[PDB]
Amino acid sequence: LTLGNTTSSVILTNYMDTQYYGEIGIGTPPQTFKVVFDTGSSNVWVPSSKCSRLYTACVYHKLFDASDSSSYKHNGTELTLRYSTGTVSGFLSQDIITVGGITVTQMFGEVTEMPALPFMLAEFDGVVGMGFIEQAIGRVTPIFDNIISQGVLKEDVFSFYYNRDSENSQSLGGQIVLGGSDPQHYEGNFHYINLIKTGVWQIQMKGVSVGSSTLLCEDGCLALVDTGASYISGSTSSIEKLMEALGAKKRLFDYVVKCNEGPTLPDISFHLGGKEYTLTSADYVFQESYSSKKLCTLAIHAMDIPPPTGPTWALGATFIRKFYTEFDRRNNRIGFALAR
Ligand SMILES: CC[C@H](C[C@H](O)[C@@H](N)CN1CC(=O)N(c2ccccc2Cl)CC1(C)C)C(=O)N[C@@H]1[C@@H]2C[C@@H]3C[C@H]1C[C@@](O)(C3)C2
Ligand SMILES: *[C@@H]1O[C@H](CO)[C@@H](O)[C@H](O)[C@H]1NC(C)=O
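Structure determination for this PDB entry is given in the record as X-ray crystallography, at a resolution of 2.6000 Å.

Asker: How should the UniProt feature "active site" in the protein chain be read in this particular structure?
Answerer: Listed under "active site" in the UniProt record, and renumbered for this structure, are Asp38 and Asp226. A maximum C-alpha distance of 6.6 Å among these annotated residues, which run over 189 residues, shows that they cluster at one spot. Here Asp38 is in contact with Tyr83, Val127, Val128, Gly129, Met130, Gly131, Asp226, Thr227 and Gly228, once residues within four sequence places are set aside. Its location among the elements puts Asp226 in the loop between β15 (221-225) and β16 (232-234). Excluding residues within four positions of it along the chain, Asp226 makes contact with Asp38, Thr39, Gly40, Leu315, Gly316 and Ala317. Of the polar contacts made by the side chain of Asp226, one reaches the backbone nitrogen of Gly40; its length is 3.4 Å.

Asker: What is the right way to look at the site of ligand 1 in this model?
Answerer: Near ligand 1 there are 20 residues, and of these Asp38, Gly40, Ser84, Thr85 and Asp226 occur at the shortest range. Interatomic distance of 2.5 Å between a side-chain N/O atom of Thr85 and an oxygen atom of ligand 1. Contacts to ligand 1 include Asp226, whose side-chain N or O atom sits 2.7 Å from a nitrogen atom. For ligand 1, the accessible surface in isolation is 790 Å², of which the surrounding protein chains cover 84%.

Asker: Honestly, the side chain of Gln31 in this entry has me stumped. Any pointers?
Answerer: Turning to its location among the elements, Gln31 is positioned in strand β3 (residues 31-38). There is a polar contact of 3.0 Å between the side chain of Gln31 and the backbone nitrogen of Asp65. Excluding residues that lie within four positions of it along the chain, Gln31 makes contacts with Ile24, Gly25, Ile26, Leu63, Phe64, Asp65, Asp68 and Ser69.

Conventions adopted
- Residues numbered from 1 in each chain as written, not as in the entry; some residues may be left out.
- Chains lettered and ligands numbered in written order.
- Heavy atoms only, no water.
- UniProt positions renumbered as here; feature names shortened; annotations may be inferred.
- Contact = heavy atoms within 4.5 Å.
- Helix = DSSP H or I, 4+ residues; strand = E, 2+ residues; numbered from the N terminus.
- Polar contact = N/O pair within 3.5 Å; in protein donor to acceptor, adjacent residues only side chain to side chain.
- Near = heavy atom within 4 Å.
- Areas by Shrake-Rupley, 256 points an atom, 1.4 Å probe, with all protein chains shown as cover.

Shown next as structure tokens:
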């Protein structure tokens with residue numbers, strides 16, 4: 001592990017509080033793609049020009065076309081990524097990738113099979129996996145590992161800032177710092193929690209409290225910190241119980257309350273390491289109206305994450321929006337600080 005003197009940032013756009021994505025270029029000359037930087041996974045991929053146009057999701061996204069890149073290097077090994085919420089499939093290629101002004105030779109999936117659900121609902125084209133190599137499919141070095149190798153970054157860490165969605169363009173949607181954190185976007189001190197184990201961005205959670213009565217995760221539980229998840233999530237059975245405590249109605253994909261009931265909802269607290277992380281209802285209610293005649297969705301969802309990573313809660317965009325997040329690969333921990 002060699003360290004340098006550099007920090008790089010990636011400017012993110014915020015689509016509807018649910019997808020935070022930045023721009024990368026692949027190939028010579030660069031082909032640009034909108035991508036999510038996803039700590040829940042470790043593979044890079046973008047849709048391929050070899051994706052059959054019978055996948056409509058391929059009709060509606062940018063396609064990487066190897067035949068137009070002079071730095072491409074073929075490989076071709078089959079690759080399937082089976083996330084908890086959908087799957088993609090294709091084959092591995094290598095090309096040069098530009099991210100935050102850093103150029104790195106990276107092996108990545110060209111995706112030729114991309115389901116309309118969920119992918120038709122993606123504003124982004126691809127994914128940049130930010131997790132450990134232990135979780136990379138095909139044993140492919142993740143992009144951050146390859147950048148670390150160049151010995152240019154000041155610290156073996158990266159940090160996420162997710163903004164609250166603005167209508168006004170001079171609000172940046174968010175920011176990733178590779179090799180550091182950005183003190184403009186947090187205040188107070190970081191508090192850290194150790195990873196249970198290297199290989200996964202998952203920490204122990206000591207309790208989940210709702211208001212001043214209800215207690216979940218009473219004996220302890222897992223918290224995956226997932227920058228590529230829209231929401232905070234829990235196991236179906238946990239969320240069943242959290243939602244009971246809030247007076248919420250279950251639908252197929254989400255929970256809702258009558259919009260007028262939203263601001264009366266208690267705080268929700270997450271006990272991580274030394275500290276309680278508290279969200280008020282404004283942090284977890286999509287308060288689109290104050291009417292009793294309208295439903296408001298909640299940014300806390302049920303999700304069963306498979307083993308071995310699950311069963312687990314996941315702290316996604318709903319959480320990061322309040323808490324500036326640092327991922328420390330040197331010391332295998334995660335730090336949180338109040339975002340600003
Ligand atoms: C362990 C949880 C982890 C979660 C996952 O990284 C998601 N956060 C990714 N998101 C899903 C999603 O649904 N997105 C989405 C959001 C809004 C609209 C449309 C879309 Cl497609 C965006 C992305 C970034 C693709 C995972 O399954 N990881 C899987 C990876 C890594 C490792 C653990 C799991 C099984 C593996 O075989 C090994 C592959
Ligand atoms: C793809 O990459 C792996 C990684 O070392 C390699 O062993 C394999 O032979 C490659 N396949 C081809 C056809 O280039």
